[PDB]
Structures are given as C-alpha cells and as structure tokens.
Amino acid sequence: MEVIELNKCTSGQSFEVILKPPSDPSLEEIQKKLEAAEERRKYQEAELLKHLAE
Amino acid sequence: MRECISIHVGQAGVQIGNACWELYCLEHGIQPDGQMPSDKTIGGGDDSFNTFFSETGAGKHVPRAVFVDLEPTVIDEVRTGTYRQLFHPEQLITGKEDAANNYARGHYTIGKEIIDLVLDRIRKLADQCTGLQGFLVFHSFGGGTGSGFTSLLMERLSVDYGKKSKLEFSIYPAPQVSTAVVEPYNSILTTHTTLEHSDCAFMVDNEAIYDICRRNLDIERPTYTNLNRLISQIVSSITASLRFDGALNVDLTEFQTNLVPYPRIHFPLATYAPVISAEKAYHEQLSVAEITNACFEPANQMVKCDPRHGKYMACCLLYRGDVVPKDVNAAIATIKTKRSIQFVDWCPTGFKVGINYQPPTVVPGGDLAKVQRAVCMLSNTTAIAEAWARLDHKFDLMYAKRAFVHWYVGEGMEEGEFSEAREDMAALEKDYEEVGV
Amino acid sequence: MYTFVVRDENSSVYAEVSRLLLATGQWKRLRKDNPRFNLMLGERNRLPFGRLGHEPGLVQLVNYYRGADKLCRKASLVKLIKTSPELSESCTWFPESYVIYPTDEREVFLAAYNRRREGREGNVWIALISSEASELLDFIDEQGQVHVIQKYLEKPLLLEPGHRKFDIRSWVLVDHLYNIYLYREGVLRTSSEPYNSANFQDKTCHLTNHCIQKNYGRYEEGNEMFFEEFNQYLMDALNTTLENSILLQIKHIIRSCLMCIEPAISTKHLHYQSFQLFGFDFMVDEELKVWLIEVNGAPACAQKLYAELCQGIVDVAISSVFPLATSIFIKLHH
Amino acid sequence: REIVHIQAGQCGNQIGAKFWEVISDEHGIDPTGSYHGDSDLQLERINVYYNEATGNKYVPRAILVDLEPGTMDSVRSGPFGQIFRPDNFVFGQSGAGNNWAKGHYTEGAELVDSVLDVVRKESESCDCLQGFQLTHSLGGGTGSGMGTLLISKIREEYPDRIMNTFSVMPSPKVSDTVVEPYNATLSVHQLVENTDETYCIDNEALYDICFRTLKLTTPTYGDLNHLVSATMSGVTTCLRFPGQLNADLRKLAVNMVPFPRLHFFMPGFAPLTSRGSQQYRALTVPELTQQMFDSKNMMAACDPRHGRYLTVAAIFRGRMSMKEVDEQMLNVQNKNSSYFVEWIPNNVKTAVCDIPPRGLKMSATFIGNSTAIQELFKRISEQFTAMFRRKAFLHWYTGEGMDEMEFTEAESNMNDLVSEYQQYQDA
C-alpha cells in the first residue's frame, strides 16, 4: 500500500512498496592444498611404475 | 561509475557469455566490430554502459570479459565467429586437454597449470578500472572445468580482490541435456568450495529452461542455442540496472543488501514472463497485471519448485517496457489476496520495484517474440532448497557404493573431501529448514 | 504398463489399493527407492515432495496434497479457521477453540471462560474433559506437547434405545483437478454405554473412538451404525431424513474447508500431481446442528466399505490420470 | 586429441584392416589417401585417426604388428592396403604358434622394442594424445601374448594416457586350437589391470548372429568380421564426428567405468545385416531401440536379463526425429527399470550423428557395461579348469619358461572379477 523511495529519470523509475512490517583461506593455504594433491598423484604413479618394474 | 568484469568458465559459461554479450551489444547499439554510433564521448567516459565496456581511441567498445576453457574447441568458435573483432585475443584463454567431466581434474590437475595465467589476464582488465566493484562468474555446476576450475578461481579472487563482490550465474544439471553421469558429484563439490566466496548466486536449472522452450516457444527438441538465447534474456534483466541509468541495484553490493540477508542462503529464484514464440501469428499482448501474475506460476521459474510451501526473505520486480507504478501496485494488491505469499517474521512483506522504459530487445531471427512489457522477479525463497534436496539425494545414491570415486582420487583428491562437501550441503539444507517452517 | 511405489506399510487403505492395482495386470510394483514411477503411495511423515515431477518422460502422481496438514493437525485447523476470511472467527459450525502451549492465546481463553461463568451457562471444555479451567491448564503442562482447548458439546443428539452418544465419519477424496468427492457411505461410531451428564471422569461414554469402546457390540456390530439405519431412525424418531437434517451441513463444511485451502495446495499447474483421501469427523447436537471436530490426513476405512471405497480411489483418482485399455461418490460443486 | 591405433596378430590385423576400410569410406577417403567426399562434417575431426601427409594425403595413425609375415601381406595386397604407412609395418618371422608364452615372454619380447619405436614416432607428431586402441584376439599367441605385453609397456611409457581395446573372445564354436581358454585367461588377467576400456567381442555371439539371425548356415571369418567392423564404426562415431557431445577416450572412461576393474563393455548393433544382400525397408526409431537392447543383437554372448546395467551409452546414426529418439530411450528405461542400477542415476546417455554408415539409412550402436558380462568370464573359466585340473597341454607353456603358479594366479584374478561383477547384481 505505502509507496516509498520513488526515484524517477528518463530511462525509467524505481520504488519500494511495503504491504506489512516485520515482527577465508590465504594464498599459502591454497598453494599447500594443491601441492598436497600433487604429492598423492606422484606417489600413485610411482607405486604404478614400481609394480610395472617388478 | 564502477566497472564489472565478467568471467566465463567452461563450455556452458562461454556459450552463455556469447549469448549475453551479443544481447548487450544490441541493447546499447554496439555493432559487431565494436563501434557505437550513439556514443558521443570517443575514447572514454563514465556512462552506465561503461560498467561493462571499456573504450579505445579508435572508438571500439570492448567487453570487460574473460573467457576461459581448458579445451580449445568452444572458444575457437568465438575467435572465428560473428563477434571476433569485439574481443581482443588476450581475453580468450584456452588449454590443451579438458577436465574430462572430472571436478578434481579441473580443480587440482589441469587447474594448477593455468590458474596463474588467468589471474594475470584478469589483472590486465582490473588495472584498466578506476574503481572495480567486482565479478560476474558464468559456469555450469556439472562440467569438469565449470565445477573444478571455477571453485579454484573463486578461492583466488577472494585473495587478490578481497574487498570486491562476486556474483554467480550457475547452470544446475538436468538429465535431459546433460553430458556426464558424475554431474551430481561435480555440483556438490563446487558448491561447498564456492559457498563462502560467492555473495549472490543465480541458479538456472536446465530442466526449467528446456520445458519453457517446449511449452512456450513450441520447440520440439531445444538445443543449447535455444536455451542460451532465453537464459541471456534473464541475465540481461538482472544486469540491466548496472548497464542503464536507475536507482535500484546500481552496484553489486546492492544485490547482497536487497536479496541476501543470510550470507549462506544466497540463492535467489528468478522468474521471467512473458516467453512468447516469434513465429506465433496473432498474439494478444499481456498487461502488467498478467505478467506480474505469471511471476508466481512455477512453470515460469528458472528452478522448478513450490514457493507456496516456503518463506520469502526478499523480493524484486524488474520490469522492462510500457509499465507505470500505478499498474504495478494494483497488480500486487490483487495477487496478495489470491495467492500464498509468506514472508519470514523478521522481514518486511514488500517488493522492491525497478522499471526501465526500454522494451526487451530480442535477437533478430530468434525464437522469441517482441513484447510491449516484460518482467523478471528475483525472490529469495526457502523453496529453492528443493533443488538441493534433489541433488543431494542423487549424490547419496552414488556415494553409498563409492561409484566413480576412484577417478577423483586418481587426480590426487581425498575421499574425505566428498563427505566434507556433503556435510556442508546437509548444513545448508538445515539452514533453509530453520528459516522456512 | 504403469508403475507404482509403496512407502506406507501401515496403511490399511492403500494396501488394498496396491492389491487392486496389481490385479488389473496393467500396473507393476517397483522397489521403494526406484525413482522411475508413475504413482507414489507415500509415507505419512517427511514425504519428499521436492523430488516429485522431475523424471522426464513420466507423468507422476502422489496420494497426498502438500500443505494439507494445515487442515489435519488440531493446532493448525484452529489457526486456519480463525485467520482465513472465508471461515472467519464467527464460524458457526466450528466449536470455540484456543491454542495452548506448555511452559499462544491463554488470556483470550480465560476471557471467554469468565463470560460463561458470569453468564452462569454451561462451561465444560475438552483438551481430556473437565469443568474447571485451572485443572485443565495443569494437565497441558504435565503432558509436554501443544494442545487445543475446545468447547465441549454438552447437549448432543442421543440414539434410542440406549441414550447413547455418537460421531459421524465422512470419507472425502479430492482428485488432481480438485474435484471434491464425498463417499455416499458414512459411519456412525457409537458409544455403547449411556451418556452421563454429571460424571465427566467416565471416559467410556463420552469418547466415541473405535479403540476406547473395544457393552461393545450390543446394538450394532463393532459399534458402527451405517447410513441406511441412521436415516431410518431419524424418519421414525424425528420425522426427517439424513439428507436434510445432517448431510447438507456436512456437504457445506467439507466444501468450505477445502475451498479455503485450494490456492495453497492445488497442483493444477505443477510438475507433479496430487490426490488425497480425507476423514472428516462430525458431531451432531440435539437441535440437529452439525459441528466439525477434526480432519484426518491418513484415515482408515470401515471393514464393510473397504472394497467399495478402494475401487473408487482407483476409478476417479488413479485411472483418471492413467487410463486402462454407477458412481459411488457425490460431487460437491464449486 | 589424437588416437594411436595398434593391431596385433592375425585376428587383430584382419578386423583392424576392416575397421580402416569402413571408417575411411565414412570420412570419404580413397585407398590412395586422397579425399573425395562432399561434406565438411567428415573432416572437422579427421585428425583423431589420421595424420595429414605432405601433398595433402591422409595417413591412418595405425601400427601393424605380427610375429608372422603371412597376414600382414594379406593387408598390404588387400583393398585399402596402400593407405597404411609402410614403416608402421612391424613383423617377425617365426610366428607365435597359438602360444601366449611365445607372444609374451620369448618370441614377442624380441620384437616389442621395434614396435615401441614406431609408437613413439607416432606419439611425437601428436599435438595432444588421447591414448591408444588395440585390436587383437585373446585366443591366439601374438595378439593375445604380445598384445598384452605391448599394453604393459605402453602403460609404463605413457601412464597418463588412455588404454582402449577391442578384444575378440574365443569360442569352441569357432576354434583354432584347444589351448584358447589358457591364452584368454592369461590375457584377461592383463586386461583387468592394464586397460581403461575393453570392448568384449565374443566369437560365440558373432557366430550365433550369423547362424540364427543372419541365416548364414556355415559362416566364415569374413561374415564374422563384417559384424565387428560395423560395431567398431558405431562405437567410435562420437570420437570421429562433431556433435553436441564432444567425446574423447577419457570422457568415455570416466562416465562408463564406476569401478576401475569393471571396464568390460558389451557392444550391440541394429539392424543386423549380412554382406552382399541389402535390406530395403528402413527401420523406424522404436524398432532400432527395441533391437539394440535385445540379446540377439549383442556382440558378447550374455543375456542382459541375467544381470543389471551399470552404465549405458547409445549412439543413433542417420536423419531422424531426435524427439522420437529421446522418447524411445526413456521408454525402454521406464518399462524395464529393474535392469538398470538405482544407485547410478541417469545411467543411460544418448547421442545422434547425422551421417549414416554404408548401406543403411539409419542405425543404432549400443555400448553397455552390464554385470551379465560375468557369464563370458565364467565360460572361459569353466573351459580353463577342465584342462588345468589335469595340467593338460601345459608343456607348451612350461617349455617357454612359465610356471604353473602363473596359471593359478591368472585363474584367480578372473574368478575375482566374476564375483566382483556378482557383487553389484544384488546390492
């Protein structure tokens, strides 16, 4: 019912209508997580190459 | 004037980026080469459109956009396509091999080699800004690059640009058009890693867009081009307030203020009307009351859910075309008495309204018809948690047997990260429950 | 070949429905967790409505209306009648009722209690039945959960011979198109021991539940009087039919209750479809005036009528959506 | 995204030559290597299987391997023989004599280094290598023993690349020697560990299709290879042609293989044709969908009704209603939902290519990871134990240095695979 904050211009207009009232990880931590994942990849490839060496 | 940088990641992000930027160009009267005949201040300026376009001395208007894919094929079509002259080569970043539908391959393996290059190219656009306000990120939940690389980038942007706002345009996975069986894994994984780093996220369920295209546009089997042209119309409605003169949603901080009172519950539901077929002979033009009424039909929503069995935290109506305030208030009064609109007890039961007099621009030879008036409603309803429930259930079914998990572990990721991501999602589902009943 | 899933085992009604569906040879039952179903005969609690209508190439239907618990819980029904303009505070078919929490409308309840006291008229209430307000409130806190304090019907219609109390149960099925179907056969759940006006402690003659009664089986088998016998009694004893004296008011209450909630629960434009069977419970007073007691979300039928109602549920609720390769219902028009 | 193709042994080279014959026709390449097609859709991803030679002449990225000169001379003097790079022909002289041990340990070990030099030379030309596809039988000596020796060595030098195989299974119905269950079991043991994807081409099934359905009362190897090359064309369609799904070997592996060991696929094809006689009535979309899922059309002699589908990939070829394709594909899943695992949601994916194969207006190819494939491995295991319990014919293997222990281990790993497939049939 109550029409507040009415602002007009050439492009258009905007308003608010109320009907009823109420009642981060750092760069060092990122580089660590990515490299810990690379160590697990390298280990799994090394265990594969060791198995194929046998 | 405060500039915005658009970031398009993966197939879905890039292709939607094509659609959005083609649309922005037609709206501001910018030609495929980059010239803007209506623009009088050559080589610079701080008009409302300059939020999305920078200017060269030659008179070219270049998007503040960066396209990144771990695979060359999709951006190669941008490089050679009708809008090749619009972007400068440095804005378009491509890898050798894609993430193969694998989050871990996108985030950890192939992500690590390209992350520093991307942030450097982002820095090149950011250093052209006199007052950067933040980023608009376009990506899929389901893709390997879209899920994996996006969440790594979102982490890094919080470090380099900590004081800035980050908005998401995300593609929720749908079996109808999906490319991968592991898309529920990718979706839960990216949501968990991105949740703290995103300020407002607009979810788009491919299922909803697909049915709208079948039902309203009479397209038998909708392609990505069909979906993207529609998605771009919705994106354009959301972004219009940044690109045009107005007093509602003028900056990215206002999106958080107007739509997101609870930082974690930052997924507003978009609803758009009307979607009318271009090759429909004789169409009775819909009034303000009719198109506002369509904003509360679930068949017009970007996510299929029932707002009646949930609570609202915020509501925006963004009109484009022949619309006056008096018509809007009359429509709101009628709708309130006929429908179930339940706000939370700690919020005003109200609507923030923005009208732009310029009627929606449609792509020539498109599937969409020219309309006298259109509307996009953005509402933060607890009902959108239904989409989380669906996705979490699909995740649980696969994870119980540890199906496909070995592909993720093989890229260096740990099995603990899966269940950590699932716990955060369980917490998110709980947040919506506390607020919503 | 249509497909269904069963998620309520305790449901005596839908056990017979799942039996009847298989018997046609055009329905196959799937496992509980199979998403690829046409029909769901779902659980009473925590039914996952958000998962329904998301299977491409399948029309999905459920045997419950989402949001219809607002009519079926005692606390919710009072709140719904009191707030919705279609029913309003001055509802004349609903007894004076108040919502009470254990340590809300306590001061509002006591204001009506004093008007009854200073008016020196009948001041008996139900929660368990007592005449004193301070002895009722102490019982509510002693239990733990939320309860409704309702005006007790001190002067009910009493069946002869016996001087007995009763309640009427009506079975109502709302389909996917929101047609309201009242099943022609109702049942009178009777007291077998005479209604005592003075002693409210005796819970056997005041409450007409099928479990509390189980003089059981004296006048009719299993304390259940059917509609033909009750019509016949009213003609002989009061010079009126069941249709006029009682059934018009019953048809009015059912229709008013479900018309009220329609915009909140309707699945007219949704991606999934709903139907639901309801149990409306009615009290009749000595002046032949009908009062609503409770609405049931998961009602149980009476033994004589199980076969007929369950075939009706298949006919108008299930087969109307999924057709196969005289009507037992009265349609309440709106 | 480039693929290196290797063909080993008689069977491997025979089905391999037929593969290049069929797919060159689809891409519009004559036996000289010149392009004589009309559609540009043929050339968009031609780099996947072909290298572009100077003078604009295409060359298959194909390495031809055998321990005998006999079969490769049949390829060279054959129809499309001139298209293959003459250096990529690597041959021994004395053969493998249907002996896995000769292929893997003695005769094949002498020649394997020469093959790997050619593999490396092809790999260095590649902008981005996807990995490798091998065609071979498991019943012989070269394709079986040396083929699995190659895979093991290729995995050592390229551990971050995909290994795909087309593996022909032996049957008593189409039998060269008695020792084939020995050779197959020794091979399967290697494939379970060293491949990402294996197409199980059962000779039993190819025979039964030729006899029962195609009505050929005494089928040759040529009749058998006709069904193989038609399937091989179909399964590689999404690698060879641009679509909505830009598919590669890794994406197929990620999406089809829920558990690393269970990577044995049951291929299917509709409509079933024989050579010479052309069928004139084109099939409707409901007919293709009904046929490709039927056990009579499966290239592995398993009954899918005796198991459950973990994942399915379906490729429809020709000009047709994609709406009707989607409707029919959903129809099969909904009507038969008990035969698809509930714990992998939306486990059936469908792709459409506009280009049909030779002699067909429209066709359907089926790639299924069913638990019913255990029946194939049980059959080989039963034939193995019948001879091995009496240590029969074993001297051909111990004479080349193998111990009985190696047979017991290979028997064990395949029996493990069988119970591993059985695990997901119930829970």
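For clarity, chains are labelled A, B, C and D in written order, and residue numbers in each chain start from 1.
Throughout what follows, contacts are C-beta pairs under 8 Å (C-beta built on N, C-alpha and C of every residue); 3 or more make two chains touch, one makes a residue touch a chain.
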>> Looking at chain pairs B-C and B-D, which one is connected by more C-beta pairs in contact?
In response: B-D
>> Centroid of subunit A to centroid of subunit C, CA atoms only: how many Å?
In response: 49
>> Suppose each chain is reduced to the average of its Cα coordinates; what separation in Å results between subunit A and subunit D?
In response: 43
> For subunit C, what residues touch not just one other chain but two or more?
Replying inline: 56
> Of all the residues in subunit B, which ones touch at least 2 other chains?
Replying inline: 175-176
> Which residues does subunit D have that touch at least 2 chains other than itself?
Replying inline: 326, 342, 345
>> Output every touching chain pair, sorted by label.
In response: A-B, A-D, B-C, B-D, C-D
>> For the complex, give me every residue of subunit B touching subunit D.
In response: 71, 73, 96-98, 100-102, 175-176, 178-182, 184, 220-221, 223-224, 394, 397-398, 400-401, 403-404, 406-407
>> Touching residues of subunit D toward subunit B in the complex: what are they?
In response: 1, 127-128, 244-246, 248, 250-251, 253-255, 257-260, 311, 321-323, 326, 342-347, 349, 424, 427
>> Touching residues of subunit B toward subunit C in the complex: what are they?
In response: 175-176, 207, 297-299, 304-306, 308-309, 338-340, 385-387, 389-390, 393
> Can you list the subunit A residues touching subunit D in their complex?
Replying inline: 45, 48-49, 52
> Which residues of subunit C touch subunit D in the complex?
Replying inline: 1, 3, 30-31, 33-36, 56-58
